[PDB]
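So this block is query00.cif, mmCIF, C-alpha atoms and all ligand atoms:
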```
data_entry
loop_
_atom_site.label_atom_id
_atom_site.label_comp_id
_atom_site.auth_asym_id
_atom_site.auth_seq_id
_atom_site.Cartn_x
_atom_site.Cartn_y
_atom_site.Cartn_z
CA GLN A 221 18.13 44.51 -40.09
CA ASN A 222 18.19 41.02 -41.60
CA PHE A 223 16.54 37.74 -40.85
CA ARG A 224 17.34 34.05 -40.84
CA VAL A 225 14.78 31.27 -40.39
CA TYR A 226 15.12 28.23 -38.14
CA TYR A 227 12.52 25.54 -38.61
CA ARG A 228 11.41 21.94 -38.17
CA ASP A 229 10.12 19.62 -40.88
CA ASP A 232 11.83 15.59 -37.26
CA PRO A 233 12.18 17.44 -33.94
CA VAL A 234 15.69 18.62 -34.88
CA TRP A 235 16.02 22.32 -35.66
CA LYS A 236 17.25 23.19 -39.15
CA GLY A 237 18.75 26.41 -40.43
CA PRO A 238 19.67 29.11 -40.93
CA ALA A 239 17.62 29.53 -44.09
CA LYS A 240 16.87 32.58 -46.20
CA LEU A 241 13.45 34.15 -45.70
CA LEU A 242 11.67 34.50 -49.03
CA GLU A 243 8.18 35.52 -47.92
CA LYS A 244 6.02 35.56 -44.81
CA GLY A 245 2.28 34.96 -44.79
CA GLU A 246 -0.34 34.65 -42.09
CA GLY A 247 -0.07 30.86 -42.18
CA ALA A 248 3.30 29.92 -43.65
CA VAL A 249 6.82 31.09 -44.42
CA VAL A 250 8.61 30.35 -47.68
CA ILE A 251 12.34 29.78 -47.15
CA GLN A 252 15.39 28.62 -49.07
CA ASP A 253 17.66 26.20 -47.20
CA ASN A 254 20.82 25.78 -49.31
CA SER A 255 19.10 25.47 -52.70
CA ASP A 256 15.74 23.85 -51.82
CA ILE A 257 12.72 26.11 -51.39
CA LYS A 258 10.34 24.98 -48.66
CA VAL A 259 6.95 26.10 -47.40
CA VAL A 260 6.85 25.88 -43.60
CA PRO A 261 3.87 26.45 -41.26
CA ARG A 262 4.35 29.54 -39.10
CA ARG A 263 4.20 27.54 -35.86
CA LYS A 264 7.14 25.38 -36.99
CA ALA A 265 9.43 28.34 -37.80
CA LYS A 266 11.38 30.95 -35.88
CA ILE A 267 12.23 34.11 -37.84
CA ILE A 268 15.19 35.62 -36.00
CA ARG A 269 16.84 38.97 -36.69
CA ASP A 270 20.46 39.90 -35.92
CA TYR A 271 19.28 42.09 -33.04
CA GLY A 272 22.65 42.46 -31.34
CA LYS A 273 24.41 43.36 -34.64
CA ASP B 55 37.54 44.16 -33.55
CA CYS B 56 40.23 43.25 -31.03
CA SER B 57 40.86 41.48 -27.75
CA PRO B 58 38.11 43.14 -25.61
CA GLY B 59 35.41 41.01 -27.28
CA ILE B 60 37.00 37.56 -27.70
CA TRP B 61 35.94 34.59 -25.56
CA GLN B 62 36.70 30.84 -25.50
CA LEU B 63 34.16 28.27 -24.34
CA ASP B 64 34.59 24.57 -23.57
CA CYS B 65 33.09 21.82 -21.43
CA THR B 66 34.83 19.77 -18.76
CA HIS B 67 33.51 17.01 -16.52
CA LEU B 68 33.61 16.12 -12.82
CA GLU B 69 31.60 13.56 -10.81
CA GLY B 70 29.58 12.67 -13.93
CA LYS B 71 28.43 16.29 -14.32
CA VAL B 72 28.96 18.69 -17.21
CA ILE B 73 30.66 22.04 -16.53
CA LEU B 74 30.45 24.72 -19.21
CA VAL B 75 33.30 27.24 -18.90
CA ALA B 76 33.79 30.61 -20.63
CA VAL B 77 37.10 32.50 -20.52
CA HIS B 78 37.71 36.09 -21.53
CA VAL B 79 41.02 35.40 -23.26
CA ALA B 80 42.69 38.78 -22.72
CA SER B 81 42.01 38.96 -18.95
CA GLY B 82 41.78 35.33 -17.85
CA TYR B 83 38.35 36.07 -16.34
CA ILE B 84 36.01 33.05 -16.19
CA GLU B 85 32.34 32.14 -15.82
CA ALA B 86 31.06 28.60 -15.42
CA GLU B 87 27.81 26.70 -14.86
CA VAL B 88 26.94 23.08 -14.21
CA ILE B 89 24.49 22.21 -16.99
CA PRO B 90 22.13 19.18 -16.92
CA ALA B 91 23.09 17.94 -20.42
CA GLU B 92 25.80 18.88 -22.93
CA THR B 93 23.30 20.06 -25.54
CA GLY B 94 22.90 22.89 -27.99
CA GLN B 95 19.95 24.17 -25.95
CA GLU B 96 21.90 24.42 -22.70
CA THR B 97 24.90 25.97 -24.49
CA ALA B 98 22.72 28.54 -26.27
CA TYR B 99 21.07 29.54 -22.98
CA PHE B 100 24.51 30.01 -21.36
CA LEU B 101 25.60 32.17 -24.31
CA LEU B 102 22.54 34.42 -24.14
CA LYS B 103 23.27 35.04 -20.45
CA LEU B 104 26.95 35.75 -21.13
CA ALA B 105 26.15 38.09 -24.02
CA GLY B 106 23.78 40.12 -21.83
CA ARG B 107 26.58 40.80 -19.30
CA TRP B 108 29.64 41.53 -21.48
CA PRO B 109 30.19 42.81 -25.06
CA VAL B 110 30.77 39.35 -26.55
CA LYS B 111 31.95 39.67 -30.15
CA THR B 112 33.68 36.36 -30.96
CA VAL B 113 33.44 32.93 -29.31
CA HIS B 114 36.12 30.31 -30.05
CA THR B 115 35.17 26.67 -29.47
CA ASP B 116 36.20 23.23 -30.63
CA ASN B 117 33.83 21.18 -32.83
CA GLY B 118 31.78 19.62 -30.05
CA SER B 119 28.29 18.98 -31.33
CA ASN B 120 26.68 21.31 -28.79
CA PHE B 121 28.84 24.19 -30.05
CA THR B 122 28.11 23.47 -33.75
CA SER B 123 24.37 23.00 -33.14
CA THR B 124 21.57 24.91 -34.87
CA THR B 125 20.32 26.26 -31.54
CA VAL B 126 23.70 27.88 -30.78
CA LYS B 127 23.78 29.33 -34.30
CA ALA B 128 20.46 31.02 -33.53
CA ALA B 129 21.77 32.43 -30.24
CA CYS B 130 24.90 33.86 -31.84
CA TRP B 131 22.91 35.28 -34.75
CA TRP B 132 20.44 37.06 -32.44
CA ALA B 133 23.13 38.31 -30.04
CA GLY B 134 25.55 39.40 -32.77
CA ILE B 135 28.31 36.89 -31.96
CA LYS B 136 30.78 35.48 -34.49
CA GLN B 137 31.71 31.82 -34.02
CA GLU B 138 35.20 30.48 -34.73
CA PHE B 139 36.09 26.80 -34.68
CA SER B 147 46.38 32.69 -26.95
CA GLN B 148 45.95 29.09 -28.08
CA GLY B 149 44.98 26.48 -25.51
CA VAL B 150 43.79 29.08 -23.00
CA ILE B 151 40.45 27.46 -22.13
CA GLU B 152 42.07 24.02 -21.88
CA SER B 153 44.56 25.43 -19.39
CA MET B 154 41.73 27.17 -17.54
CA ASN B 155 39.70 23.94 -17.29
CA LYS B 156 42.66 22.29 -15.54
CA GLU B 157 43.17 25.26 -13.21
CA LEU B 158 39.47 25.35 -12.36
CA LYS B 159 39.42 21.63 -11.56
CA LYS B 160 42.50 22.16 -9.37
CA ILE B 161 40.78 24.86 -7.33
CA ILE B 162 37.56 22.82 -7.13
CA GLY B 163 39.50 19.90 -5.67
CA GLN B 164 41.02 22.21 -3.06
CA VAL B 165 37.61 23.41 -1.82
CA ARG B 166 35.45 20.40 -2.71
CA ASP B 167 34.95 19.18 0.84
CA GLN B 168 33.59 22.60 1.91
CA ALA B 169 30.26 22.12 0.11
CA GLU B 170 27.81 19.32 -0.47
CA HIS B 171 27.06 20.17 -4.10
CA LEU B 172 29.57 20.22 -6.93
CA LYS B 173 27.94 23.37 -8.33
CA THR B 174 28.65 25.19 -5.06
CA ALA B 175 32.35 24.29 -5.25
CA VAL B 176 32.43 25.28 -8.93
CA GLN B 177 31.24 28.79 -8.11
CA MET B 178 33.56 29.09 -5.11
CA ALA B 179 36.39 28.14 -7.47
CA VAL B 180 35.35 30.74 -10.07
CA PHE B 181 35.28 33.38 -7.32
CA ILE B 182 38.72 32.35 -6.04
CA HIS B 183 40.21 32.45 -9.53
CA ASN B 184 38.71 35.79 -10.58
CA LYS B 185 39.60 37.61 -7.35
CA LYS B 186 43.21 36.43 -6.99
CA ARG B 187 45.65 39.29 -7.57
CA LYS B 188 48.60 38.07 -9.62
CA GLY B 189 50.91 40.88 -8.50
CA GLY B 193 49.03 43.46 -9.91
CA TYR B 194 45.34 43.16 -10.69
CA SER B 195 43.00 40.18 -10.60
CA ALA B 196 41.35 38.68 -13.67
CA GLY B 197 38.08 40.21 -12.47
CA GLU B 198 39.70 43.64 -12.29
CA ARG B 199 41.43 43.13 -15.64
CA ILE B 200 38.28 42.39 -17.65
CA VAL B 201 36.45 45.43 -16.25
CA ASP B 202 39.49 47.63 -16.98
CA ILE B 203 39.87 46.29 -20.54
CA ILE B 204 36.19 46.72 -21.43
CA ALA B 205 35.75 50.18 -19.88
CA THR B 206 38.78 51.48 -21.74
CA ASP B 207 37.32 50.09 -24.98
CA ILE B 208 34.08 52.05 -24.52
CA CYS C 56 29.88 53.25 -2.09
CA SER C 57 28.05 53.02 -5.41
CA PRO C 58 30.49 50.55 -7.12
CA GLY C 59 29.44 47.73 -4.79
CA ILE C 60 25.72 48.22 -4.01
CA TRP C 61 23.09 45.80 -5.35
CA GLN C 62 19.35 45.18 -4.86
CA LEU C 63 17.80 41.70 -5.24
CA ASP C 64 14.18 40.61 -5.45
CA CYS C 65 12.03 37.84 -6.88
CA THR C 66 9.19 38.34 -9.34
CA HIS C 67 6.81 35.81 -10.88
CA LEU C 68 5.74 35.00 -14.43
CA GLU C 69 4.02 31.85 -15.76
CA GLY C 70 4.23 30.27 -12.31
CA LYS C 71 8.03 30.55 -12.47
CA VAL C 72 10.30 32.43 -10.09
CA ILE C 73 12.67 35.02 -11.54
CA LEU C 74 15.47 36.21 -9.28
CA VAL C 75 16.64 39.68 -10.32
CA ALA C 76 19.78 41.57 -9.24
CA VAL C 77 20.16 45.28 -10.09
CA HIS C 78 23.36 47.27 -9.76
CA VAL C 79 21.75 50.37 -8.28
CA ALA C 80 24.14 53.03 -9.61
CA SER C 81 24.02 51.81 -13.24
CA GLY C 82 20.68 50.05 -13.66
CA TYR C 83 22.54 46.99 -14.94
CA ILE C 84 20.63 43.75 -14.27
CA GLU C 85 21.17 40.01 -14.17
CA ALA C 86 18.39 37.52 -13.71
CA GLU C 87 17.77 33.79 -13.48
CA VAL C 88 14.70 31.57 -13.41
CA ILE C 89 15.12 29.46 -10.29
CA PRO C 90 13.24 26.20 -9.61
CA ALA C 91 12.07 27.35 -6.17
CA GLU C 92 12.06 30.54 -4.10
CA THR C 93 14.43 29.05 -1.51
CA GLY C 94 17.49 30.12 0.42
CA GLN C 95 19.58 27.48 -1.32
CA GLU C 96 18.72 28.78 -4.80
CA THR C 97 19.18 32.39 -3.65
CA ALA C 98 22.58 31.64 -2.11
CA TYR C 99 23.80 29.91 -5.29
CA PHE C 100 22.73 32.95 -7.35
CA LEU C 101 24.60 35.27 -4.98
CA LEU C 102 27.78 33.17 -5.19
CA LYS C 103 27.71 33.42 -8.99
CA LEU C 104 27.04 37.17 -8.87
CA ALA C 105 29.82 37.79 -6.36
CA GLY C 106 32.29 35.89 -8.52
CA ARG C 107 31.77 38.28 -11.44
CA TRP C 108 31.34 41.73 -9.80
CA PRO C 109 32.58 43.47 -6.60
CA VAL C 110 29.48 42.83 -4.51
CA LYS C 111 29.83 44.60 -1.16
CA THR C 112 26.24 45.35 -0.08
CA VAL C 113 22.97 43.67 -1.08
CA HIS C 114 19.58 45.22 -0.26
CA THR C 115 16.53 42.93 -0.12
CA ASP C 116 13.09 42.81 1.40
CA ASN C 117 12.42 40.38 4.25
CA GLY C 118 11.38 37.40 2.13
CA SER C 119 12.32 34.19 3.91
CA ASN C 120 14.75 33.13 1.17
CA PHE C 121 16.73 36.36 1.66
CA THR C 122 16.76 36.04 5.47
CA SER C 123 17.71 32.35 5.43
CA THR C 124 20.83 30.93 7.04
CA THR C 125 22.00 29.59 3.69
CA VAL C 126 22.10 33.14 2.30
CA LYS C 127 23.83 34.40 5.44
CA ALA C 128 26.48 31.72 4.79
CA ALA C 129 26.96 32.85 1.17
CA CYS C 130 27.35 36.49 2.25
CA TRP C 131 29.83 35.60 5.01
CA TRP C 132 32.02 33.54 2.67
CA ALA C 133 31.89 36.14 -0.13
CA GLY C 134 32.30 39.24 2.06
CA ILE C 135 28.83 40.68 1.41
CA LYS C 136 26.90 42.90 3.82
CA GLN C 137 23.12 42.42 3.82
CA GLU C 138 20.62 45.24 4.32
CA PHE C 139 16.87 44.81 4.74
CA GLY C 149 12.17 51.42 -5.35
CA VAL C 150 14.84 50.66 -7.93
CA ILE C 151 14.36 46.87 -8.07
CA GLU C 152 10.55 47.11 -8.02
CA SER C 153 10.66 49.53 -10.94
CA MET C 154 13.05 47.10 -12.59
CA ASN C 155 10.75 44.11 -12.06
CA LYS C 156 8.03 45.97 -13.99
CA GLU C 157 10.39 47.07 -16.76
CA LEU C 158 11.77 43.54 -17.16
CA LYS C 159 8.24 42.09 -17.36
CA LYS C 160 7.29 44.68 -19.98
CA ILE C 161 10.18 43.68 -22.23
CA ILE C 162 9.53 39.98 -21.61
CA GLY C 163 5.96 40.54 -22.79
CA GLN C 164 7.17 42.22 -25.97
CA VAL C 165 9.46 39.30 -26.91
CA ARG C 166 7.64 36.35 -25.34
CA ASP C 167 6.38 34.76 -28.56
CA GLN C 168 9.89 34.72 -30.03
CA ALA C 169 10.89 31.83 -27.73
CA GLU C 170 9.38 28.61 -26.47
CA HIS C 171 10.78 28.89 -22.93
CA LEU C 172 10.14 31.72 -20.49
CA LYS C 173 13.78 31.61 -19.35
CA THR C 174 14.92 32.28 -22.91
CA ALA C 175 12.68 35.35 -23.10
CA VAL C 176 13.99 36.48 -19.70
CA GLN C 177 17.59 36.52 -20.90
CA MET C 178 16.62 38.19 -24.16
CA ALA C 179 14.94 40.90 -22.07
CA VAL C 180 18.02 41.25 -19.83
CA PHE C 181 20.17 41.65 -22.95
CA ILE C 182 17.74 44.22 -24.40
CA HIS C 183 17.66 46.20 -21.15
CA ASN C 184 21.43 46.15 -20.58
CA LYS C 185 22.41 47.14 -24.14
CA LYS C 186 19.88 49.95 -24.65
CA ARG C 187 21.52 53.39 -24.86
CA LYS C 188 19.28 55.86 -23.03
CA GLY C 193 24.26 58.51 -23.57
CA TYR C 194 25.47 55.08 -22.49
CA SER C 195 23.80 51.75 -21.75
CA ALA C 196 23.49 50.13 -18.32
CA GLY C 197 26.11 47.55 -19.31
CA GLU C 198 28.52 50.32 -20.25
CA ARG C 199 27.75 52.22 -17.04
CA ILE C 200 28.46 49.36 -14.60
CA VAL C 201 31.79 48.62 -16.28
CA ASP C 202 32.71 52.33 -16.25
CA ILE C 203 31.72 52.80 -12.59
CA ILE C 204 33.70 49.78 -11.42
CA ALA C 205 36.74 50.43 -13.62
CA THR C 206 36.97 54.03 -12.37
CA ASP C 207 37.14 52.70 -8.81
CA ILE C 208 39.86 50.20 -9.79
CA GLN C 209 41.92 52.67 -11.84
CA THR C 210 41.93 55.33 -9.10
CA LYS C 211 42.64 52.82 -6.28
CA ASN D 222 37.38 33.47 11.21
CA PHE D 223 35.54 30.17 10.82
CA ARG D 224 31.81 29.74 11.33
CA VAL D 225 30.13 26.37 11.76
CA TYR D 226 26.58 25.91 10.61
CA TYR D 227 24.92 22.71 11.69
CA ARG D 228 21.66 20.85 12.09
CA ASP D 229 20.26 18.92 15.05
CA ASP D 232 15.08 20.31 12.81
CA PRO D 233 15.95 21.00 9.16
CA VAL D 234 16.88 24.69 9.57
CA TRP D 235 20.62 25.37 9.62
CA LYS D 236 21.79 26.67 12.98
CA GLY D 237 24.70 28.88 13.85
CA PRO D 238 27.11 30.40 13.30
CA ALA D 239 29.01 28.55 16.05
CA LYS D 240 32.68 28.57 16.99
CA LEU D 241 34.80 25.75 15.62
CA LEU D 242 36.83 23.97 18.31
CA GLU D 243 37.84 20.68 16.68
CA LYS D 244 37.26 19.12 13.25
CA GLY D 245 37.46 15.35 13.27
CA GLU D 246 36.56 13.07 10.39
CA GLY D 247 33.52 11.73 12.25
CA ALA D 248 32.39 14.63 14.40
CA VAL D 249 32.94 18.33 15.05
CA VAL D 250 33.29 20.02 18.44
CA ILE D 251 31.77 23.50 18.44
CA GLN D 252 30.52 26.19 20.80
CA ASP D 253 27.23 28.00 20.19
CA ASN D 254 26.05 30.54 22.77
CA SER D 255 28.08 29.20 25.71
CA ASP D 256 27.12 25.58 24.93
CA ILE D 257 29.70 23.01 23.85
CA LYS D 258 28.23 20.71 21.24
CA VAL D 259 29.54 17.68 19.36
CA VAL D 260 27.90 17.30 15.93
CA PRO D 261 28.45 14.61 13.26
CA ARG D 262 30.53 15.75 10.28
CA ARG D 263 27.64 15.09 7.88
CA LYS D 264 25.40 17.53 9.78
CA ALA D 265 28.03 20.32 9.84
CA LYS D 266 29.27 22.98 7.42
CA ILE D 267 32.54 24.69 8.40
CA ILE D 268 32.81 27.99 6.52
CA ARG D 269 35.55 30.63 6.42
CA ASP D 270 35.15 34.34 5.64
CA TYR D 271 37.19 33.83 2.48
CA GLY D 272 35.92 36.95 0.70
CA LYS D 273 36.43 39.36 3.66
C1 LIG E 301 14.02 25.55 -27.26
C2 LIG E 301 14.70 26.24 -28.48
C3 LIG E 301 14.82 25.50 -29.65
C4 LIG E 301 15.42 26.05 -30.77
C5 LIG E 301 15.91 27.36 -30.73
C6 LIG E 301 16.56 27.90 -32.01
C7 LIG E 301 17.05 27.33 -33.34
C8 LIG E 301 15.67 27.96 -33.25
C9 LIG E 301 15.80 28.13 -29.57
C10 LIG E 301 16.35 29.58 -29.48
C11 LIG E 301 17.64 29.70 -28.95
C12 LIG E 301 18.22 30.94 -28.81
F1 LIG E 301 19.47 31.04 -28.28
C13 LIG E 301 17.53 32.09 -29.19
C14 LIG E 301 16.25 31.99 -29.74
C15 LIG E 301 15.64 30.73 -29.88
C16 LIG E 301 14.22 30.63 -30.47
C17 LIG E 301 15.55 33.12 -30.14
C18 LIG E 301 16.39 34.39 -30.16
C19 LIG E 301 17.37 34.43 -29.00
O1 LIG E 301 18.20 33.26 -29.02
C20 LIG E 301 15.21 27.55 -28.42
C21 LIG E 301 15.07 28.43 -27.15
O2 LIG E 301 15.56 27.81 -25.98
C22 LIG E 301 16.97 27.67 -25.96
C23 LIG E 301 17.58 27.67 -24.55
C24 LIG E 301 17.77 28.87 -25.49
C25 LIG E 301 13.60 28.75 -26.94
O3 LIG E 301 13.18 28.98 -25.78
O4 LIG E 301 12.78 28.77 -27.91
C1 LIG E 302 23.30 22.67 0.48
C2 LIG E 302 23.79 23.76 1.46
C3 LIG E 302 23.19 23.82 2.71
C4 LIG E 302 23.59 24.78 3.65
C5 LIG E 302 24.60 25.68 3.33
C6 LIG E 302 24.95 26.72 4.41
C7 LIG E 302 24.35 27.12 5.75
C8 LIG E 302 25.56 26.19 5.70
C9 LIG E 302 25.22 25.65 2.09
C10 LIG E 302 26.32 26.65 1.65
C11 LIG E 302 25.85 27.83 1.08
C12 LIG E 302 26.76 28.79 0.63
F1 LIG E 302 26.25 29.92 0.09
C13 LIG E 302 28.14 28.60 0.72
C14 LIG E 302 28.62 27.42 1.29
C15 LIG E 302 27.71 26.44 1.76
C16 LIG E 302 28.25 25.13 2.38
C17 LIG E 302 29.98 27.16 1.43
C18 LIG E 302 30.85 28.38 1.18
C19 LIG E 302 30.31 29.24 0.04
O1 LIG E 302 28.94 29.59 0.24
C20 LIG E 302 24.81 24.69 1.14
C21 LIG E 302 25.53 24.67 -0.23
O2 LIG E 302 24.61 24.79 -1.29
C22 LIG E 302 24.06 26.09 -1.44
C23 LIG E 302 23.64 26.43 -2.88
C24 LIG E 302 24.91 27.07 -2.27
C25 LIG E 302 26.33 23.38 -0.40
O3 LIG E 302 26.46 22.91 -1.55
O4 LIG E 302 26.86 22.75 0.57
CL CL E 303 0.20 32.05 -45.81
MG MG E 304 35.68 20.28 -25.73
MG MG E 305 10.13 40.48 -2.83
#
```

As structure tokens, the full file:
Amino acid sequence: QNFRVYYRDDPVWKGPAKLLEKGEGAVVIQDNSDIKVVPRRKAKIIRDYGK
Amino acid sequence: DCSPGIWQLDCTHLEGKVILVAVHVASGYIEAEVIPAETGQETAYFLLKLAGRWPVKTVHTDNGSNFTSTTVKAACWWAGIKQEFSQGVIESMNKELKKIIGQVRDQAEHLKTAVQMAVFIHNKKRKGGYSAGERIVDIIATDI
Amino acid sequence: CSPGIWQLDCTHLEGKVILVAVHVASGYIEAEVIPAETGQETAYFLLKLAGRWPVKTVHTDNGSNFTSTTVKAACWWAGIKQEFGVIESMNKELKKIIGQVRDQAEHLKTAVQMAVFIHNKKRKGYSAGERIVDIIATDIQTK
Amino acid sequence: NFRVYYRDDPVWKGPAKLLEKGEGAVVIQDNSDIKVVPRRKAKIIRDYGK
């Protein structure tokens, strides 16, 4: 059970990024070595459902 | 971690339209769709459908921008598919598919109809002596 | 015989038309969001289905897309016999899963294929995807 | 072996028996009637998957 985050800053989707924390309004992620705070609506948190 | 789960995907083109083709390398079985644009979104959607049908473990593609896109990464992550970027199989299959399409093209108005007739023809043809469509089902069931 | 028997039906979500095929003996499903509930779209779906599985008999209700000449043409070319509550149960199950995953995707069609994947891979002890492959391979291997 | 579907009315009619396929028109028989239909209004389909 692990997660990667795909997100938009630019309508192009970025990712995968590491999920650092999830809140009711935002997700904190690390893409490469930059930490970013991303509104929930602009992020998809996707698990490796199919293994 | 062997041949039952390994697929190759590539795009070919006819009549200005984009055809996305998947081949199960060990059987020669194929699936194809005419997609409206050669984008990550259309490729990811194709892959989710494919992964729901078969136990897709590895997909081998070239470096076309739709295959290296973020949207396809997301699809493979969710579905559990490893991407890798026996040799030249899909390129040979593209040619064979276009050959069959040309043989039946005048039997349908729409290119997509002839594409799917061609897929059917290829998958059902017994080489002896099983067909590609029989070979994939036999390979996967034995791997269960 | 059970290897070749399928049921097809349309269901509706978000004003979109979902065409569902169920392999009766396994519970395996495939589905597509089609732009209109027409014979042309139904026939194209059947041609794709018949190219991947040994489709011998298809059971449907009497919806006009299923009784259309275009679908009769598909079934004649592909060698399919047409007959006129497995699929209905399956429509409800598919919609339940779709509802559970709907906010994970922008597009309804994405959620539909996620739900198909979820349904087909779930081990209830084999999954529907394992069962269809096993049923059909047994028929092939025993001639 | 072959079926011809054809239009006159947007619904596809047939199947009819194929008698001759020309490049401009098709001669068919549908319920005792001999009909000549333009190629563009005809679909000639074989029971490939029998
Ligand atoms: C439009 C869009 C844009 C960006 C993405 C990805 C990078 C974030 C996706 C997408 C693609 C997936 F394959 C996928 C998922 C998503 C969310 C979720 C898990 C199952 O696999 C989609 C997706 O549509 C695409 C035709 C599939 C949608 O409907 O949201
Ligand atoms: C547009 C149209 C109109 C009428 C028909 C039928 C009554 C004559 C067909 C049709 C349907 C088939 F299922 C089919 C074939 C044809 C020709 C050829 C052999 C394999 O199966 C089509 C067909 O498109 C439909 C989405 C498939 C096309 O592209 O020509
Ligand atoms: Cl927050
Ligand atoms: Mg290529
Ligand atoms: Mg119905």

Excluding residue 116 of chain B and any residue of its chain fewer than 2 positions from it, enumerate the residues within 8 Å of it, using all atoms listed in the file, and give them as a list in words.
residues 64, 114, 118, 121 and 139 of chain B

Keeping only C-alpha atoms, write those residues as a CSV table (one decimal), in the coordinates of the input.
```csv
chain,number,residue,atom,x,y,z
B,64,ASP,CA,34.6,24.6,-23.6
B,114,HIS,CA,36.1,30.3,-30.0
B,118,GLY,CA,31.8,19.6,-30.0
B,121,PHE,CA,28.8,24.2,-30.0
B,139,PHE,CA,36.1,26.8,-34.7
```

message: Residues of chain C within 9 Å of chain D, counting all atoms listed in the file, what are they? List them as an NGL selection string.
response: :C and (123-125 or 128 or 130-135)

Could you list, as a ChimeraX atom specification, all the residues within 12 Å of ligand MG 304 (chain E), counting only C-alpha atoms and all ligand atoms?
/B:62-67,72-76,92,114-122,139,149,151-152,155

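Shortest separation to residue 263 of chain D among B:204, B:161, B:77, B:169 occurs at residue B:169, atoms counted being all atoms listed in the file.
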
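Inspection of the environment of ligand CL 303 (chain E), which uses all atoms listed in the file and a cut-off of 8 Å, identifies the neighbouring residues as residues 244, 245, 246, 247, 248 and 249 of chain A.
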
Dump as a PyMOL selection string the residues of chain C that approach chain A to within 9 Å, counting all atoms listed in the file.
-> chain C and resi 168-169+181-182+185

Residues within 6 Å of ligand MG 305 (chain E), counting all atoms listed in the file: report them as a ChimeraX atom specification.
/C:64-65,116,118

- Message: What are the residues of chain A lining chain B at 12 Å or less? Count all atoms listed in the file, and put the answer as an MDAnalysis selection string.
- Response: chainID A and resid 221:228 234:239 266:273

- [ ] Do a neighbour search on segment 90-106 of chain C at 6 Å with all atoms listed in the file, toss out local chain neighbours closer than 2 positions, and write the hits as a PyMOL selection string.
- [x] (chain B and resi 177+181) or (chain C and resi 108+110+120+123+125-126+129)

Within 12 Å of ligand LIG 301 (chain E), which residues of chain C show up? Give each one with its shortest atom-to-atom distance in Å (one decimal) and the two atoms involved, counting only C-alpha atoms and all ligand atoms, rows by chain then rising residue number, as a Markdown table.
```
| residue | atom | partner | partner_atom | distance |
| --- | --- | --- | --- | --- |
| C:165 | CA | E:LIG301 | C18 | 9.1 |
| C:166 | CA | E:LIG301 | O3 | 9.2 |
| C:167 | CA | E:LIG301 | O4 | 8.8 |
| C:168 | CA | E:LIG301 | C17 | 5.9 |
| C:169 | CA | E:LIG301 | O4 | 3.6 |
| C:170 | CA | E:LIG301 | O4 | 3.7 |
| C:171 | CA | E:LIG301 | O3 | 3.7 |
| C:172 | CA | E:LIG301 | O3 | 6.7 |
| C:173 | CA | E:LIG301 | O3 | 7.0 |
| C:174 | CA | E:LIG301 | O3 | 4.7 |
| C:175 | CA | E:LIG301 | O3 | 6.9 |
| C:176 | CA | E:LIG301 | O3 | 9.7 |
| C:177 | CA | E:LIG301 | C19 | 8.4 |
| C:178 | CA | E:LIG301 | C19 | 6.2 |
| C:179 | CA | E:LIG301 | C19 | 9.8 |
| C:180 | CA | E:LIG301 | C19 | 11.4 |
| C:181 | CA | E:LIG301 | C19 | 9.8 |
| C:182 | CA | E:LIG301 | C19 | 10.8 |
```

- Task: Could you jot down the atom CA of residue 98 of chain B to atom CA of residue 82 of chain C separation for me, Å, one decimal place?
- Result: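 Distance between the two atoms: 25.0 Å.
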
*Residue nearest chain C among B:197, B:58, B:82, B:189 (counting only C-alpha atoms)*: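 Using only C-alpha atoms, the shortest distance to chain C belongs to B:197.
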
From atom CA of residue 229 of chain D to atom CA of residue 113 of chain C the spacing works out at 29.7 Å

Taking all atoms listed in the file into account, find every residue of chain B that has an atom no more than 7 Å from chain C, and write it out as a CSV table (one decimal) with C-alpha atoms, in the coordinates of the input.
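Once written, part31.csv looks like this:
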```csv
chain,number,residue,atom,x,y,z
B,99,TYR,CA,21.1,29.5,-23.0
B,102,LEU,CA,22.5,34.4,-24.1
B,103,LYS,CA,23.3,35.0,-20.4
B,106,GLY,CA,23.8,40.1,-21.8
B,107,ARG,CA,26.6,40.8,-19.3
B,174,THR,CA,28.6,25.2,-5.1
B,177,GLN,CA,31.2,28.8,-8.1
B,180,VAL,CA,35.4,30.7,-10.1
B,181,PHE,CA,35.3,33.4,-7.3
B,184,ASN,CA,38.7,35.8,-10.6
B,197,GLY,CA,38.1,40.2,-12.5
B,201,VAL,CA,36.4,45.4,-16.2
B,202,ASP,CA,39.5,47.6,-17.0
B,205,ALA,CA,35.8,50.2,-19.9
```

Taking only residues of chain B that have an atom at most 10 Å from an atom of ligand LIG 302 (chain E), what is each one's shortest atom pair and its distance in Å to one decimal, using only C-alpha atoms and all ligand atoms, in chain and number order, as a Markdown table?
```
| residue | atom | partner | partner_atom | distance |
| --- | --- | --- | --- | --- |
| B:165 | CA | E:LIG302 | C18 | 8.9 |
| B:166 | CA | E:LIG302 | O3 | 9.4 |
| B:167 | CA | E:LIG302 | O4 | 8.8 |
| B:168 | CA | E:LIG302 | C17 | 5.8 |
| B:169 | CA | E:LIG302 | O4 | 3.5 |
| B:170 | CA | E:LIG302 | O4 | 3.7 |
| B:171 | CA | E:LIG302 | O3 | 3.8 |
| B:172 | CA | E:LIG302 | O3 | 6.8 |
| B:173 | CA | E:LIG302 | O3 | 7.0 |
| B:174 | CA | E:LIG302 | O3 | 4.7 |
| B:175 | CA | E:LIG302 | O3 | 7.1 |
| B:176 | CA | E:LIG302 | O3 | 9.8 |
| B:177 | CA | E:LIG302 | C19 | 8.2 |
| B:178 | CA | E:LIG302 | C19 | 6.1 |
| B:179 | CA | E:LIG302 | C19 | 9.7 |
| B:181 | CA | E:LIG302 | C19 | 9.8 |
```
